[PDB]
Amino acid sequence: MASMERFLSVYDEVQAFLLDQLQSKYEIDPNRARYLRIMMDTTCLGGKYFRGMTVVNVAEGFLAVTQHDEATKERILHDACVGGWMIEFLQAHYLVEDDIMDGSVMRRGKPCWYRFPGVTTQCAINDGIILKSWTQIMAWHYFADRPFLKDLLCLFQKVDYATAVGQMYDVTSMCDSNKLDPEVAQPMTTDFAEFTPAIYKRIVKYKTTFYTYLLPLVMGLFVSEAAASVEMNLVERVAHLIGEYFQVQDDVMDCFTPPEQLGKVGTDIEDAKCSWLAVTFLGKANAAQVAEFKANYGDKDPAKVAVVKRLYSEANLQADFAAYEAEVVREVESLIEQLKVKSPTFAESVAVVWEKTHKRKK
């Protein structure tokens, strides 16, 4: 796609500025500059760029239906790219830490950043922190004169906070709430009482929906200066729904999608994560099925993992997924329909975003 290459060109423009600043104002040596360049490329590139490209196509939508000088058209497009990358970089930040947390071995077909021989966990933690720091630097540089600044930084902060809170919920999802004690080591849940749709929804919302759909959609609105034209309660509502779906997809892909296609090696079962599959299974399984699940979940043992994957297949889970997908298509159509009232151009943007998500394989 031609549009994806134009977005990727602003990355090179962003990377060159970021590395020159390091050299000119932070006294970095060539080899450490090289290291961070490699770190940037590995962590930030290789993905679908769904999040970056959403802020671009929300922005383009308005550009087709708005009178602007050629120069303004150009600057809004450029703004959409920097906004895109900020998000991309913000995700990169979260991925790096997520991988050390979930103990993953592979991201986007290459090894996980911390698993690079010359990196190790002790560098990666800081590398991630720099990735987040970058988002703010490229904000204060590029958007220094822009009206939408205070508002962009405020949303960024808040979206970021939700993500950290969501991450906290997720990494402690295999614990019993009432047992949580910083002084006593945490045992897995034996009863799985916190594997409810409710508690799962709560997790997904904060860890996924804010940075994945809310942020790019509203960021496209900011760069366009079109926040006022749409009803923000709908955007929050649509973003949390497509966001929920996007994470449900990610969960099934973890178990049933081959790594070569996925680019990721599954880790949920071995980590006893409160995934949609675990929750949905427990949502329909019988007494014998449940007991066998309890005796097998949360182990790195290839046999116990296989017993669970068989338990999922037998429970006919891809039937439950198609019934969930059917109900989401309804509610997304609904909300897109609602969005036409005030902003037809943003309503289609959401129709396109939903389409690309509802279609993904990796």
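The first residue of the shown sequence is 1; numbering continues from there.
Look over 183-191 and 102-110 in the entry and identify the one with the greater average Cα temperature factor.
Per the PDB record, 183-191.
Quick check: 129-137 versus 253-261, which has the larger average CA B-factor in the record?
The stretch with the larger mean CA B-factor is 253-261.
Out of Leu45, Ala315, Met39, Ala33, residue topping the C-alpha B-factor column of the entry
When the deposited C-alpha B-factors of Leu45, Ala315, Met39, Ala33 are compared, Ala315 is largest.
Relative to the other modelled residues of the same chain, rank the CA B-factor of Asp176 and answer lowest, middle or highest third.
According to the entry, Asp176 has a C-alpha B-factor in the chain's highest third.
Record-listed C-alpha B factor of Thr345: chain third
Highest third - that is where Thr345 ends up once the chain's C-alpha B-factors are sorted.
Chain-wide C-alpha B factor ranking for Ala272, given as lowest, middle or highest third:
Answer is middle: the recorded C-alpha B-factor places it there.
Lowest, middle or highest third - CA B-factor, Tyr11:
Middle third - that is where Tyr11 ends up once the chain's C-alpha B-factors are sorted.
Classify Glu97 as lowest, middle or highest third according to the C-alpha B-factor given in the PDB entry, relative to its own chain.
Lowest third - that is where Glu97 ends up once the chain's C-alpha B-factors are sorted.
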